[PDB]
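Shown next, in structure tokens, is the structure this report addresses.
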2 protein chains.
Amino acid sequence: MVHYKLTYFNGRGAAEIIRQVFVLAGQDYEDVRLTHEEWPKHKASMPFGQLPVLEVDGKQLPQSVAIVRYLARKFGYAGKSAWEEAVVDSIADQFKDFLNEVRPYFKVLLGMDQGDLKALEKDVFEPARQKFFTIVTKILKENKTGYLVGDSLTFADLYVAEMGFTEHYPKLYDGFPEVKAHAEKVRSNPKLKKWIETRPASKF
Amino acid sequence: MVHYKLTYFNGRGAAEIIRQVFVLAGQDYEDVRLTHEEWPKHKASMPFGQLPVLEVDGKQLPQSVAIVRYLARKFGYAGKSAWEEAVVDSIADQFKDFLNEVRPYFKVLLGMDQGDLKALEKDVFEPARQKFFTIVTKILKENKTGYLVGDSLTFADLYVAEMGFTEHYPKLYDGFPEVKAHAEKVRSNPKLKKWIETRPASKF
């Protein structure tokens with residue numbers, strides 16, 4: 001009845017979680033994937049000249065987390081009480097800072113930078129992986145449902161469990177089997193399982 | 001009533017806007033400001049070993065923006081419909097981006113004085129100041145009340161507005177007078193106006 005259109009580049013990136021809420025919700029949307037080469041024809045048509053962008057019966061919503069929170073609330077995956085929704089927010093925010101403090105080492109194998117790789121692993125990435133994964137393992141333990149917050153999936157689950165696709169690092173949750181099992185349990189969800197089985201492979 | 005406690009370092013930084021949602025609502029709360037020297041005494045007590053943390057009658061919420069949203073939601077400064085709420089999210093998202101992008105320029109020296117001194121001002125800063133202030137300028141014009149989204153103040157307004165400030169750089173809002181009026185129109189509000197004159201003096 002309601003038409004949603006998601007516009008992003010072809011691949012996972014900043015639009016994957018948004019895809020995931022649509023998937024969890026049983027919700028039928030148009031996933032428009034644009035080439036880097038096509039992108040300048042639609043660029044000026046976006047809010048901040050940026051992707052991803054959501055349209056809801058023709059109204060534009062920019063910015064990845066905005067859109068994730070927006071869809072999650074309307075569908076029931078943002079948290080079960082208002083306090084829980086902020087908790088959910090605070091964990092998505094914290095994971096995101098883990099993402100940022102970890103980019104410069106994400107590329108020194110992937111696409112760009114020219115550094116001692118072993119001493120970025122060890123002076124950036126690992127004391128960063130220690131921090132967050134010990135945080136996550138603590139939250140799991142206290143909440144005791146297998147899930148991060150309450151006992152149904154939230155988008156905070158979606159964000160951390162999806163970083164399992166960086167198996168460019170096989171030893172990612174080595175000293176952290178509780179983290180590893182969270183992301184098995186999230187992706188063991190049936191709607192998502194079949195999504196990750198039938199979604200386009202990408203490098204990004 | 002409800003006991004609110006905000007903990008942060010002695011400054012505006014990540015916490016200032018949490019502190020303004022409070023002033024706005026005329027709710028008071030204990031403004032705990034730690035020195036960097038005291039901080040190792042408090043760090044294990046916090047959710048992520050990070051500040052700000054809000055306590056709401058004993059229970060801790062971490063992550064400055066999670067906290068900002070929790071408060072504005074409760075006190076009515078988050079946006080005036082679900083749609084609007086999300087809009088407010090996106091614009092403060094876009095503003096956080098404007099900062100991350102900008103940070104490592106602002107009088108440089110992200111470490112020892114000797115940090116390179118001015119490829120930066122035009123390579124990075126102005127392309128963004130231009131991008132973002134032109135973004136805000138257009139949003140203001142489309143909206144047509146003097147505020148970013150809908151009719152009343154939101155944390156969005158509060159985010160952008162606080163920018164007037166670093167002023168260890170005098171130029172801002174030169175080519176952008178509707179962005180200047182917005183900033184003045186935000187701290188035109190009397191609770192806020194009086195918070196500006198009254199809050200502690202700090203470097204950050």
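Every chain is numbered from 1, with letters handed out A, B, ... down the list of sequences. These numbers come from the heavy atoms of this one structure, side chains and all, not from hydrogens, waters or symmetry mates.
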Quiz item: Under 3.5 Å, is there a donor-acceptor pair linking the side chains of A/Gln63 and B/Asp97?
Solution: yes
Practice problem: Could you look at B/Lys74 and say if it's the side chain, the backbone, both or neither that has a heavy atom under 4.5 Å from chain A? | Solution: neither
Practice problem: Go through the atoms of A/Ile135 and report whether side chain, backbone, both or neither lie under 4.5 Å from a heavy atom of chain B. | Solution: side chain
Practice problem: Taking all non-hydrogen atoms of both residues into account, name the closest pair between A/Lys59 and B/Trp83 and its distance. | Solution: CB-CH2, 4.0 Å
Practice problem: Heavy-atom distances under 4.5 Å only: say whether B/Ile67 touches chain A with side chain, backbone, both or neither. | Solution: neither
Quiz item: When rounded to the nearest 0.5 angstrom, what is the spacing between CG in B/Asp93 and CZ in A/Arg69?
Solution: 7.0 Å
Quiz item: Hey, are the side chains of B/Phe48 and A/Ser90 touching, using non-hydrogen atoms and a 4.5 Å cut-off?
Solution: yes
Quiz item: Which region of A/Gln50, side chain (C-beta onward) or backbone (N, CA, C, O), has a non-hydrogen atom less than 4.5 Å from a non-hydrogen atom of chain B, or is it both or neither?
Solution: side chain
Quiz item: Does a salt bridge link A/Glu85 with B/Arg73, judged by any charged N lying under 4.0 Å from a carboxylate O?
Solution: yes
Quiz item: Above 12 or not: heavy atoms from other molecules or residues under 6.0 Å from NZ of B/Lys194?
Solution: no
Exercise. Check whether B/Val88 gets within reach of chain A through its side chain, its backbone, both or neither, counting any heavy atom under 4.5 Å.
Key: neither
Quiz item: Going by heavy atoms in the side chains, are B/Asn100 and A/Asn100 under 4.5 Å from each other?
Solution: yes
Quiz item: Closest heavy-atom contact between B/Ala66 and A/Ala86?
Solution: CB-O, 4.0 Å
